[PDB]
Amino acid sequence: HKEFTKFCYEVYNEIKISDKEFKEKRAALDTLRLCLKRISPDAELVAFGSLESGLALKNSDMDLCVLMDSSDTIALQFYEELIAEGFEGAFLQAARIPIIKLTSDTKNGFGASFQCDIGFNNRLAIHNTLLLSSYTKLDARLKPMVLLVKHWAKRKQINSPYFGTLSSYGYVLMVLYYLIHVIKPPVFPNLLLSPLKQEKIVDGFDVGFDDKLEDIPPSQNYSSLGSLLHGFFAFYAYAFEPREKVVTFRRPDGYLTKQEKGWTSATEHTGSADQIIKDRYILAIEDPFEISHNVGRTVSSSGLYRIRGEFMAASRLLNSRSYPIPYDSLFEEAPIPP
C-alpha cells in the first residue's frame, strides 16, 4: 500500500487550501464582524463548516452564523449594511428562514472571487463543526482522508444532494463512522459515548461530547493513509448494508437498524406551499447531535446505486493486480448523469 499512500499525500497537497487563501478568508471574517458590530454590538458572527474545522478544499466557501439571545429585522439590516460596505450579494427568504449570500467584494481588498454564506442562529451546525474539529486534532490522518473523499465524491458526481446524492457532511460522517466503529483497531474513540462526556442541551438536543483531547490515549491503529482509504472504500462497497443499517454515533458497537430506528418508513412533511416533501431513508445516516435528521434523506435509489457503484469501482481499482495501477483514475471526472 506504500505507493498509493504516496499518491494520496501528493494529491492532498494539491487540493488542500493554501495558507494564503486561508488568510484572506480570515481577514474577510474580520471585516464582516465590524459591520455587524456597528449595527448590533451584542450580536456575534461565528465561522463554522469546512474552514473552521480545517477540512476545506481549495476555493471553498465560507459558512458563517449570526447568533443572538433575546430581532426580526437584523437579517435584512445586516444585508443592507453589507451592500453599503461595497459587498455584492443576495438576501434570501424561504420557509420564513433568512440567508445572506455574498458573491463579490468591491471595496475592501478581497476581490471579486469572494464568496460567502451567512445564516442566523444555526447553533447545531456550530456544534457539529466543534466535534469534527476535535477529531481533526485527534489524528493527523483524518484531514487528508476527508479531503480526498470529498475530492473523489465531487469528481464522480455523487456529491450533488439536490440531484439525488449525498452532501459533503454526509461523507465526512461516513468516514468518521468507519474510523470509530468499523476498522480494527479503531483509529478513533467515540467522543459522544465517552465516560467524561457531559450533557449539553442546545435547541432541544444533546450536543455534548468529551473535548479534553490531551487526556485521550494515542490511537492503537497504525495503518497508512492509503490503507485507511482502501478499507473505507471496500467497507461501503461490500460490507455495509444500506437497506437494513443506519450509520450512527450513538451505539458502542455502532450497530443500529432502521427497524429499531423507525426509519424503514418512507416519510413526508409539508413545505411552505403545502407540497409533499418525502424523506427517503434509502441511505440512513443519523446526525450525531440532531437525531431526528437523516443526513442521507437526500439519497435516491438511482442515487444510492451510483454511490455504491463508485465505491465498488474505487475498491476494484485499488485491489487491482495489473501494475502499474492508474491511481489518477480515482479522481478522473465521471460522465455526468442526465
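All residue numbers refer to positions in the sequence shown, first residue = 1.
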{"query": "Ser70-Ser71 interval: deposited residues absent from the model", "finding": "1 to 3"}
{"query": "Selected stretch [higher average CA B-factor]: 102-110 or 219-227", "finding": "102-110"}
{"query": "Mean Cα B-factor comparison, 156-164 or 124-132, giving the higher one as deposited", "finding": "156-164"}
{"query": "Highest recorded Cα temperature factor - choice among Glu260, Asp139, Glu81, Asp117", "finding": "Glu260"}
{"query": "Top Cα B factor in the deposited entry, candidates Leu55, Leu32, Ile277, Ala284", "finding": "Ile277"}
{"query": "Third of the chain's Cα B-factor distribution that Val207 belongs to, per the entry", "finding": "middle"}
{"query": "Assigned third (lowest, middle, highest) for the C-alpha B factor of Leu148", "finding": "lowest"}
{"query": "Chain thirds of CA B-factor: placement of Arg96", "finding": "highest"}
{"query": "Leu256 by Cα B-factor - lowest, middle or highest third of the modelled chain", "finding": "middle"}
{"query": "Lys20 by Cα B-factor - lowest, middle or highest third of the modelled chain", "finding": "middle"}
